[PDB]
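Structure below is model_20.pdb: PDB, N, CA and C atoms.
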```pdb
ATOM      1  N   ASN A   1       0.830  -1.199   0.000
ATOM      2  CA  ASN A   1       0.000   0.000   0.000
ATOM      3  C   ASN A   1       0.869   1.256   0.000
ATOM      4  N   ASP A   2       2.135   1.092  -0.373
ATOM      5  CA  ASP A   2       3.065   2.217  -0.414
ATOM      6  C   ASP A   2       3.307   2.666  -1.853
ATOM      7  N   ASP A   3       2.326   2.414  -2.716
ATOM      8  CA  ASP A   3       2.433   2.795  -4.124
ATOM      9  C   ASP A   3       1.258   3.681  -4.527
ATOM     10  N   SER A   4       0.199   3.639  -3.727
ATOM     11  CA  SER A   4      -0.986   4.432  -3.983
ATOM     12  C   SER A   4      -2.163   3.838  -3.224
ATOM     13  N   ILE A   5      -2.379   4.350  -2.026
ATOM     14  CA  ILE A   5      -3.470   3.877  -1.180
ATOM     15  C   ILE A   5      -4.819   4.158  -1.850
ATOM     16  N   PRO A   6      -5.829   3.354  -1.595
ATOM     17  CA  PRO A   6      -7.174   3.560  -2.201
ATOM     18  C   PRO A   6      -7.594   5.029  -2.182
ATOM     19  N   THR A   7      -7.810   5.593  -3.367
ATOM     20  CA  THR A   7      -8.220   6.991  -3.477
ATOM     21  C   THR A   7      -9.360   7.137  -4.480
ATOM     22  N   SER A   8     -10.470   7.711  -4.028
ATOM     23  CA  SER A   8     -11.625   7.908  -4.897
ATOM     24  C   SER A   8     -12.453   9.099  -4.428
ATOM     25  N   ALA A   9     -12.775   9.992  -5.360
ATOM     26  CA  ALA A   9     -13.565  11.176  -5.030
ATOM     27  C   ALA A   9     -14.968  11.066  -5.614
ATOM     28  N   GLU A  10     -15.976  11.185  -4.751
ATOM     29  CA  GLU A  10     -17.365  11.097  -5.192
ATOM     30  C   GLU A  10     -18.310  11.423  -4.038
ATOM     31  N   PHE A  11     -19.358  12.188  -4.326
ATOM     32  CA  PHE A  11     -20.324  12.563  -3.297
ATOM     33  C   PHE A  11     -21.453  11.522  -3.217
ATOM     34  N   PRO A  12     -21.763  10.989  -2.048
ATOM     35  CA  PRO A  12     -22.852   9.979  -1.911
ATOM     36  C   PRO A  12     -24.103  10.380  -2.705
ATOM     37  N   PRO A  13     -24.873   9.430  -3.189
ATOM     38  CA  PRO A  13     -26.112   9.729  -3.968
ATOM     39  C   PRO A  13     -27.272  10.166  -3.072
ATOM     40  N   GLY A  14     -27.649  11.436  -3.174
ATOM     41  CA  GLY A  14     -28.752  11.961  -2.376
ATOM     42  C   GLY A  14     -28.328  12.213  -0.934
ATOM     43  N   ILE A  15     -27.626  13.318  -0.711
ATOM     44  CA  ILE A  15     -27.171  13.665   0.631
ATOM     45  C   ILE A  15     -28.247  14.461   1.365
ATOM     46  N   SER A  16     -28.607  14.007   2.564
ATOM     47  CA  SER A  16     -29.628  14.694   3.347
ATOM     48  C   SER A  16     -29.006  15.849   4.135
ATOM     49  N   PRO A  17     -29.810  16.700   4.735
ATOM     50  CA  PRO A  17     -29.289  17.859   5.519
ATOM     51  C   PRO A  17     -28.389  17.435   6.680
ATOM     52  N   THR A  18     -28.816  16.417   7.428
ATOM     53  CA  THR A  18     -28.039  15.936   8.571
ATOM     54  C   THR A  18     -27.432  14.564   8.289
ATOM     55  N   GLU A  19     -27.392  14.182   7.018
ATOM     56  CA  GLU A  19     -26.835  12.887   6.642
ATOM     57  C   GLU A  19     -25.402  12.753   7.150
ATOM     58  N   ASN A  20     -25.215  11.902   8.156
ATOM     59  CA  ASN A  20     -23.889  11.681   8.724
ATOM     60  C   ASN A  20     -23.342  10.331   8.276
ATOM     61  N   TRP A  21     -22.230  10.355   7.547
ATOM     62  CA  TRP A  21     -21.602   9.122   7.083
ATOM     63  C   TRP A  21     -20.579   8.625   8.104
ATOM     64  N   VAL A  22     -19.703   9.533   8.515
ATOM     65  CA  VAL A  22     -18.650   9.217   9.481
ATOM     66  C   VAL A  22     -19.242   8.575  10.725
ATOM     67  N   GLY A  23     -20.420   9.043  11.115
ATOM     68  CA  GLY A  23     -21.096   8.478  12.268
ATOM     69  C   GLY A  23     -21.709   7.149  11.876
ATOM     70  N   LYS A  24     -22.052   7.038  10.596
ATOM     71  CA  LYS A  24     -22.646   5.820  10.081
ATOM     72  C   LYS A  24     -21.617   4.697  10.026
ATOM     73  N   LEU A  25     -20.340   5.028   9.800
ATOM     74  CA  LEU A  25     -19.317   3.999   9.745
ATOM     75  C   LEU A  25     -19.009   3.483  11.146
ATOM     76  N   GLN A  26     -18.549   4.363  12.032
ATOM     77  CA  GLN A  26     -18.236   3.938  13.391
ATOM     78  C   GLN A  26     -19.403   3.136  13.958
ATOM     79  N   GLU A  27     -20.611   3.632  13.722
ATOM     80  CA  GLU A  27     -21.808   2.951  14.192
ATOM     81  C   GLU A  27     -21.926   1.590  13.516
ATOM     82  N   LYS A  28     -21.476   1.515  12.265
ATOM     83  CA  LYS A  28     -21.533   0.262  11.524
ATOM     84  C   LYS A  28     -20.579  -0.756  12.138
ATOM     85  N   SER A  29     -19.404  -0.295  12.563
ATOM     86  CA  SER A  29     -18.431  -1.197  13.162
ATOM     87  C   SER A  29     -19.053  -1.939  14.338
ATOM     88  N   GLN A  30     -19.552  -1.189  15.316
ATOM     89  CA  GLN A  30     -20.181  -1.809  16.477
ATOM     90  C   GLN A  30     -21.303  -2.728  16.012
ATOM     91  N   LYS A  31     -22.036  -2.265  15.006
ATOM     92  CA  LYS A  31     -23.136  -3.041  14.451
ATOM     93  C   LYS A  31     -22.613  -4.365  13.899
ATOM     94  N   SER A  32     -21.393  -4.337  13.367
ATOM     95  CA  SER A  32     -20.780  -5.537  12.813
ATOM     96  C   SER A  32     -19.718  -6.092  13.763
ATOM     97  N   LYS A  33     -19.574  -5.451  14.921
ATOM     98  CA  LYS A  33     -18.600  -5.887  15.921
ATOM     99  C   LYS A  33     -17.163  -5.673  15.441
ATOM    100  N   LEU A  34     -16.808  -4.418  15.156
ATOM    101  CA  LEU A  34     -15.455  -4.095  14.696
ATOM    102  C   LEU A  34     -14.836  -3.007  15.574
ATOM    103  N   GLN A  35     -13.625  -2.579  15.218
ATOM    104  CA  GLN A  35     -12.926  -1.549  15.984
ATOM    105  C   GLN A  35     -13.359  -0.149  15.552
ATOM    106  N   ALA A  36     -12.889   0.861  16.283
ATOM    107  CA  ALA A  36     -13.230   2.248  15.974
ATOM    108  C   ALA A  36     -12.128   2.894  15.115
ATOM    109  N   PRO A  37     -12.448   3.446  13.958
ATOM    110  CA  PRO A  37     -11.425   4.089  13.079
ATOM    111  C   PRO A  37     -11.048   5.499  13.534
ATOM    112  N   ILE A  38      -9.896   5.970  13.058
ATOM    113  CA  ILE A  38      -9.416   7.312  13.395
ATOM    114  C   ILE A  38      -9.146   8.094  12.113
ATOM    115  N   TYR A  39      -9.190   9.427  12.182
ATOM    116  CA  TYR A  39      -8.953  10.224  10.979
ATOM    117  C   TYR A  39      -8.175  11.509  11.260
ATOM    118  N   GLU A  40      -7.552  12.064  10.207
ATOM    119  CA  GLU A  40      -6.786  13.304  10.341
ATOM    120  C   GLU A  40      -7.115  14.243   9.182
ATOM    121  N   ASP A  41      -7.203  15.544   9.465
ATOM    122  CA  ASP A  41      -7.537  16.520   8.427
ATOM    123  C   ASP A  41      -6.319  17.320   7.954
ATOM    124  N   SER A  42      -6.212  17.449   6.632
ATOM    125  CA  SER A  42      -5.113  18.190   6.009
ATOM    126  C   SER A  42      -5.605  18.886   4.747
ATOM    127  N   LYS A  43      -4.889  19.916   4.291
ATOM    128  CA  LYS A  43      -5.305  20.645   3.094
ATOM    129  C   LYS A  43      -4.120  20.862   2.153
ATOM    130  N   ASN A  44      -4.258  20.394   0.916
ATOM    131  CA  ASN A  44      -3.194  20.549  -0.072
ATOM    132  C   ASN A  44      -3.365  21.849  -0.852
ATOM    133  N   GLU A  45      -2.334  22.686  -0.830
ATOM    134  CA  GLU A  45      -2.376  23.961  -1.538
ATOM    135  C   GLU A  45      -2.436  23.738  -3.047
ATOM    136  N   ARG A  46      -2.039  22.546  -3.477
ATOM    137  CA  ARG A  46      -2.045  22.214  -4.896
ATOM    138  C   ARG A  46      -3.416  22.477  -5.510
ATOM    139  N   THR A  47      -4.464  22.037  -4.816
ATOM    140  CA  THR A  47      -5.830  22.232  -5.292
ATOM    141  C   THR A  47      -6.625  23.058  -4.287
ATOM    142  N   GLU A  48      -5.958  23.454  -3.211
ATOM    143  CA  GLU A  48      -6.596  24.256  -2.174
ATOM    144  C   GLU A  48      -7.918  23.632  -1.737
ATOM    145  N   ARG A  49      -7.835  22.539  -0.980
ATOM    146  CA  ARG A  49      -9.036  21.868  -0.495
ATOM    147  C   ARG A  49      -8.798  21.330   0.911
ATOM    148  N   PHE A  50      -9.657  20.419   1.351
ATOM    149  CA  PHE A  50      -9.516  19.812   2.668
ATOM    150  C   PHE A  50      -9.774  18.318   2.539
ATOM    151  N   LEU A  51      -8.825  17.516   3.002
ATOM    152  CA  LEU A  51      -8.939  16.068   2.886
ATOM    153  C   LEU A  51      -8.828  15.377   4.232
ATOM    154  N   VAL A  52      -9.501  14.239   4.347
ATOM    155  CA  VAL A  52      -9.469  13.451   5.565
ATOM    156  C   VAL A  52      -8.970  12.048   5.240
ATOM    157  N   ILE A  53      -8.203  11.469   6.153
ATOM    158  CA  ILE A  53      -7.669  10.124   5.958
ATOM    159  C   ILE A  53      -8.307   9.185   6.963
ATOM    160  N   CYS A  54      -8.765   8.025   6.500
ATOM    161  CA  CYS A  54      -9.402   7.057   7.389
ATOM    162  C   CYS A  54      -8.492   5.854   7.602
ATOM    163  N   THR A  55      -8.427   5.371   8.841
ATOM    164  CA  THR A  55      -7.583   4.223   9.162
ATOM    165  C   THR A  55      -8.364   3.181   9.963
ATOM    166  N   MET A  56      -8.374   1.945   9.463
ATOM    167  CA  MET A  56      -9.075   0.851  10.130
ATOM    168  C   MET A  56      -8.089  -0.227  10.572
ATOM    169  N   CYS A  57      -8.619  -1.269  11.208
ATOM    170  CA  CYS A  57      -7.806  -2.384  11.699
ATOM    171  C   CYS A  57      -6.572  -2.622  10.829
ATOM    172  N   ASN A  58      -6.783  -2.822   9.531
ATOM    173  CA  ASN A  58      -5.663  -3.066   8.624
ATOM    174  C   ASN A  58      -5.918  -2.456   7.249
ATOM    175  N   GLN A  59      -6.640  -1.341   7.212
ATOM    176  CA  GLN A  59      -6.934  -0.682   5.940
ATOM    177  C   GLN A  59      -6.852   0.834   6.089
ATOM    178  N   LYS A  60      -6.657   1.534   4.973
ATOM    179  CA  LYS A  60      -6.563   2.991   5.016
ATOM    180  C   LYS A  60      -7.010   3.613   3.694
ATOM    181  N   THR A  61      -7.846   4.653   3.778
ATOM    182  CA  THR A  61      -8.341   5.328   2.577
ATOM    183  C   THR A  61      -8.008   6.819   2.610
ATOM    184  N   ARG A  62      -8.258   7.499   1.493
ATOM    185  CA  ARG A  62      -7.980   8.930   1.390
ATOM    186  C   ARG A  62      -9.122   9.638   0.667
ATOM    187  N   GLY A  63      -9.591  10.756   1.230
ATOM    188  CA  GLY A  63     -10.691  11.496   0.619
ATOM    189  C   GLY A  63     -10.363  12.975   0.440
ATOM    190  N   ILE A  64     -10.177  13.385  -0.814
ATOM    191  CA  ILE A  64      -9.889  14.783  -1.121
ATOM    192  C   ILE A  64     -11.193  15.497  -1.461
ATOM    193  N   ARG A  65     -11.584  16.483  -0.658
ATOM    194  CA  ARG A  65     -12.835  17.185  -0.936
ATOM    195  C   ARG A  65     -12.863  18.596  -0.355
ATOM    196  N   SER A  66     -14.004  19.256  -0.552
ATOM    197  CA  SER A  66     -14.221  20.618  -0.075
ATOM    198  C   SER A  66     -14.064  20.711   1.439
ATOM    199  N   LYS A  67     -14.916  21.535   2.054
ATOM    200  CA  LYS A  67     -14.887  21.766   3.501
ATOM    201  C   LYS A  67     -14.534  20.504   4.289
ATOM    202  N   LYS A  68     -14.258  20.695   5.577
ATOM    203  CA  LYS A  68     -13.891  19.593   6.460
ATOM    204  C   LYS A  68     -14.966  18.510   6.492
ATOM    205  N   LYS A  69     -16.181  18.876   6.887
ATOM    206  CA  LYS A  69     -17.261  17.899   6.960
ATOM    207  C   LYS A  69     -17.367  17.122   5.655
ATOM    208  N   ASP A  70     -17.148  17.812   4.541
ATOM    209  CA  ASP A  70     -17.202  17.165   3.239
ATOM    210  C   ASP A  70     -15.999  16.244   3.080
ATOM    211  N   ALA A  71     -14.874  16.665   3.651
ATOM    212  CA  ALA A  71     -13.659  15.866   3.596
ATOM    213  C   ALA A  71     -13.831  14.587   4.418
ATOM    214  N   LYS A  72     -14.446  14.730   5.590
ATOM    215  CA  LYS A  72     -14.677  13.592   6.480
ATOM    216  C   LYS A  72     -15.720  12.650   5.895
ATOM    217  N   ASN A  73     -16.692  13.228   5.210
ATOM    218  CA  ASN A  73     -17.769  12.455   4.610
ATOM    219  C   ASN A  73     -17.229  11.460   3.588
ATOM    220  N   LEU A  74     -16.206  11.872   2.850
ATOM    221  CA  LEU A  74     -15.629  11.008   1.828
ATOM    222  C   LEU A  74     -14.790   9.882   2.437
ATOM    223  N   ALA A  75     -13.808  10.232   3.271
ATOM    224  CA  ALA A  75     -12.936   9.218   3.877
ATOM    225  C   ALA A  75     -13.739   8.065   4.478
ATOM    226  N   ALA A  76     -14.717   8.390   5.311
ATOM    227  CA  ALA A  76     -15.542   7.354   5.940
ATOM    228  C   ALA A  76     -16.366   6.631   4.887
ATOM    229  N   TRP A  77     -17.017   7.405   4.031
ATOM    230  CA  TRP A  77     -17.812   6.818   2.957
ATOM    231  C   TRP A  77     -16.917   5.966   2.053
ATOM    232  N   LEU A  78     -15.620   6.283   2.045
ATOM    233  CA  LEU A  78     -14.660   5.544   1.226
ATOM    234  C   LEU A  78     -14.498   4.121   1.748
ATOM    235  N   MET A  79     -13.868   3.995   2.911
ATOM    236  CA  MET A  79     -13.645   2.687   3.512
ATOM    237  C   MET A  79     -14.949   1.895   3.560
ATOM    238  N   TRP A  80     -16.063   2.604   3.707
ATOM    239  CA  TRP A  80     -17.367   1.951   3.745
ATOM    240  C   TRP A  80     -17.549   1.117   2.490
ATOM    241  N   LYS A  81     -17.211   1.718   1.359
ATOM    242  CA  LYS A  81     -17.318   1.029   0.081
ATOM    243  C   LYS A  81     -16.283  -0.088   0.002
ATOM    244  N   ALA A  82     -15.114   0.159   0.584
ATOM    245  CA  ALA A  82     -14.042  -0.829   0.577
ATOM    246  C   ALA A  82     -14.295  -1.904   1.630
ATOM    247  N   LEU A  83     -15.200  -1.616   2.560
ATOM    248  CA  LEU A  83     -15.529  -2.570   3.613
ATOM    249  C   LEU A  83     -16.392  -3.699   3.063
ATOM    250  N   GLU A  84     -17.344  -3.342   2.205
ATOM    251  CA  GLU A  84     -18.240  -4.330   1.615
ATOM    252  C   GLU A  84     -17.467  -5.324   0.754
ATOM    253  N   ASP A  85     -16.455  -4.832   0.047
ATOM    254  CA  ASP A  85     -15.644  -5.692  -0.809
ATOM    255  C   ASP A  85     -16.527  -6.609  -1.650
ATOM    256  N   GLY A  86     -17.719  -6.131  -1.993
ATOM    257  CA  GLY A  86     -18.643  -6.922  -2.797
ATOM    258  C   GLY A  86     -20.091  -6.563  -2.481
TER     259      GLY A  86
END
```

Could you quickly redo this structure as structure tokens?
Amino acid sequence: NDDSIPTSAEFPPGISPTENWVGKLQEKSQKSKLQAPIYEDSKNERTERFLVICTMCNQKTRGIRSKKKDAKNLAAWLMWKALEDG
């Protein structure tokens, strides 16, 4: 995973006003009996944005997006997609 960690940019289909994804993931873990993930916020001047990184038991994703909440929404929503693996 030192060649290019999973990276994908996309906004969930039909986002509600209080639609919380990051809360949906952590909540999903307990629901599936898993550990709690951690994240960090950073902003690249290259595109001037805000990105969040998600880290799980043995997986890690990257979400480059607008505002922080939007940045967090992707990272969590990311691993979520990578969690199903099908």

Find the residues near stretch 72-77 of chain A: any atom within 10 Å, counting only C-alpha atoms, skip ones fewer than 4 places away on the same chain, and give them as a CSV table (one decimal) with N, CA and C atoms, keeping the file's coordinate frame.
```csv
chain,number,residue,atom,x,y,z
A,7,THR,N,-7.8,5.6,-3.4
A,7,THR,CA,-8.2,7.0,-3.5
A,7,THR,C,-9.4,7.1,-4.5
A,8,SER,N,-10.5,7.7,-4.0
A,8,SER,CA,-11.6,7.9,-4.9
A,8,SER,C,-12.5,9.1,-4.4
A,9,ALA,N,-12.8,10.0,-5.4
A,9,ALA,CA,-13.6,11.2,-5.0
A,9,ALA,C,-15.0,11.1,-5.6
A,10,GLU,N,-16.0,11.2,-4.8
A,10,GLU,CA,-17.4,11.1,-5.2
A,10,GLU,C,-18.3,11.4,-4.0
A,11,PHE,N,-19.4,12.2,-4.3
A,11,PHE,CA,-20.3,12.6,-3.3
A,11,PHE,C,-21.5,11.5,-3.2
A,12,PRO,N,-21.8,11.0,-2.0
A,12,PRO,CA,-22.9,10.0,-1.9
A,12,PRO,C,-24.1,10.4,-2.7
A,19,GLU,N,-27.4,14.2,7.0
A,19,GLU,CA,-26.8,12.9,6.6
A,19,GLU,C,-25.4,12.8,7.2
A,20,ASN,N,-25.2,11.9,8.2
A,20,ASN,CA,-23.9,11.7,8.7
A,20,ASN,C,-23.3,10.3,8.3
A,21,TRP,N,-22.2,10.4,7.5
A,21,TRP,CA,-21.6,9.1,7.1
A,21,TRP,C,-20.6,8.6,8.1
A,22,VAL,N,-19.7,9.5,8.5
A,22,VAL,CA,-18.6,9.2,9.5
A,22,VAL,C,-19.2,8.6,10.7
A,23,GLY,N,-20.4,9.0,11.1
A,23,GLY,CA,-21.1,8.5,12.3
A,23,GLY,C,-21.7,7.1,11.9
A,24,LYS,N,-22.1,7.0,10.6
A,24,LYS,CA,-22.6,5.8,10.1
A,24,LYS,C,-21.6,4.7,10.0
A,25,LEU,N,-20.3,5.0,9.8
A,25,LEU,CA,-19.3,4.0,9.7
A,25,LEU,C,-19.0,3.5,11.1
A,26,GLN,N,-18.5,4.4,12.0
A,26,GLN,CA,-18.2,3.9,13.4
A,26,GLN,C,-19.4,3.1,14.0
A,37,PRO,N,-12.4,3.4,14.0
A,37,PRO,CA,-11.4,4.1,13.1
A,37,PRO,C,-11.0,5.5,13.5
A,38,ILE,N,-9.9,6.0,13.1
A,38,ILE,CA,-9.4,7.3,13.4
A,38,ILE,C,-9.1,8.1,12.1
A,39,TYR,N,-9.2,9.4,12.2
A,39,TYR,CA,-9.0,10.2,11.0
A,39,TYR,C,-8.2,11.5,11.3
A,40,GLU,N,-7.6,12.1,10.2
A,40,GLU,CA,-6.8,13.3,10.3
A,40,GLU,C,-7.1,14.2,9.2
A,41,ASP,N,-7.2,15.5,9.5
A,41,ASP,CA,-7.5,16.5,8.4
A,41,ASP,C,-6.3,17.3,8.0
A,50,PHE,N,-9.7,20.4,1.4
A,50,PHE,CA,-9.5,19.8,2.7
A,50,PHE,C,-9.8,18.3,2.5
A,51,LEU,N,-8.8,17.5,3.0
A,51,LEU,CA,-8.9,16.1,2.9
A,51,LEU,C,-8.8,15.4,4.2
A,52,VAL,N,-9.5,14.2,4.3
A,52,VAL,CA,-9.5,13.5,5.6
A,52,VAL,C,-9.0,12.0,5.2
A,53,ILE,N,-8.2,11.5,6.2
A,53,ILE,CA,-7.7,10.1,6.0
A,53,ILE,C,-8.3,9.2,7.0
A,54,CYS,N,-8.8,8.0,6.5
A,54,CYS,CA,-9.4,7.1,7.4
A,54,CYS,C,-8.5,5.9,7.6
A,55,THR,N,-8.4,5.4,8.8
A,55,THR,CA,-7.6,4.2,9.2
A,55,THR,C,-8.4,3.2,10.0
A,60,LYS,N,-6.7,1.5,5.0
A,60,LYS,CA,-6.6,3.0,5.0
A,60,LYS,C,-7.0,3.6,3.7
A,61,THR,N,-7.8,4.7,3.8
A,61,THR,CA,-8.3,5.3,2.6
A,61,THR,C,-8.0,6.8,2.6
A,62,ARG,N,-8.3,7.5,1.5
A,62,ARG,CA,-8.0,8.9,1.4
A,62,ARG,C,-9.1,9.6,0.7
A,63,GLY,N,-9.6,10.8,1.2
A,63,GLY,CA,-10.7,11.5,0.6
A,63,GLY,C,-10.4,13.0,0.4
A,64,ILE,N,-10.2,13.4,-0.8
A,64,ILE,CA,-9.9,14.8,-1.1
A,64,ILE,C,-11.2,15.5,-1.5
A,65,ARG,N,-11.6,16.5,-0.7
A,65,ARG,CA,-12.8,17.2,-0.9
A,65,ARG,C,-12.9,18.6,-0.4
A,66,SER,N,-14.0,19.3,-0.6
A,66,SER,CA,-14.2,20.6,-0.1
A,66,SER,C,-14.1,20.7,1.4
A,67,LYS,N,-14.9,21.5,2.1
A,67,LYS,CA,-14.9,21.8,3.5
A,67,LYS,C,-14.5,20.5,4.3
A,68,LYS,N,-14.3,20.7,5.6
A,68,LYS,CA,-13.9,19.6,6.5
A,68,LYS,C,-15.0,18.5,6.5
A,81,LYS,N,-17.2,1.7,1.4
A,81,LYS,CA,-17.3,1.0,0.1
A,81,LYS,C,-16.3,-0.1,0.0
A,82,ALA,N,-15.1,0.2,0.6
A,82,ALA,CA,-14.0,-0.8,0.6
A,82,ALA,C,-14.3,-1.9,1.6
A,83,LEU,N,-15.2,-1.6,2.6
A,83,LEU,CA,-15.5,-2.6,3.6
A,83,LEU,C,-16.4,-3.7,3.1
```

inquiry  = Report, in Å with one decimal, the straight-line distance from atom CA of residue A:3 to atom CA of residue A:56.
reply    =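 Taking atom CA of residue A:3 and atom CA of residue A:56, their separation equals 18.4 Å.
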
request  = Within chain A, find each residue whose DSSP state, derived from the backbone, is strand (DSSP E or B), and express the selection as a PyMOL selection string.
outcome  = chain A and resi 7+38-42+50-56+59-65

ask   = Separation of atom CA of residue A:58 and atom CA of residue A:79, in Å?
value =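 Spanning atom CA of residue A:58 to atom CA of residue A:79 is a straight-line distance of 11.1 Å.
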
ask   = Please, which residues of chain A, numbered as in this document, come out alpha helix (DSSP H) from DSSP, as an NGL selection string?
value = :A and (22-32 or 68-84)

remark   = atom CA of residue A:30 to atom CA of residue A:17 measures 24.3 Å

With all atoms of stretch 60-65 of chain A from the file as input, state the centre and edge lengths in Å to one decimal of the axis-aligned box that has 4 Å extra on each side, as AutoDock Vina command-line options.
```
--center_x -9.7 --center_y 10.1 --center_z 1.8 --size_x 14.3 --size_y 25.1 --size_z 14.5
```
